Amino acid sequence: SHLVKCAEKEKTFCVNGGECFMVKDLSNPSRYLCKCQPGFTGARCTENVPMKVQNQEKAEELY
């Protein structure tokens, strides 16, 4: 059940720099495990989420 890196055809399975791996064991089809970037959600790590206090746009988080 080792985390072997997804082949190029599959590395796109997780986006936004999501480091795609696959649980290498002779049971599952190709069950994925993606070490996604801090502040992403969804199966494919498609939707970004608050990295900062991403709501206080007035606060000096933007600039």
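Residue numbers in this text run from 1 along the chain shown.
Heads up, the Cβ atoms here are built off N, Cα and C, so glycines get one too.
For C34, the disulfide partner named by Swiss-Prot among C6, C14 is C14. For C45, the partner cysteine in a disulfide bond according to Swiss-Prot, taken from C20, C36, is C36. Here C45 (disulfide bond) is compared against the disulfide-bonded residues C6, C14, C20, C34, and the shortest C-alpha distance is to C14.
Between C36 (disulfide bond) and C14 (disulfide bond), the C-alpha separation comes to 8 Å. Put plainly, the disulfide-bonded residues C14, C20, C34 were compared by Cβ crowding within 10 Å, and the winner is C14. Mapped onto DSSP helix, strand and coil, the domain 'EGF-like' (2-46) counts 4 helix, 16 strand, 25 coil.
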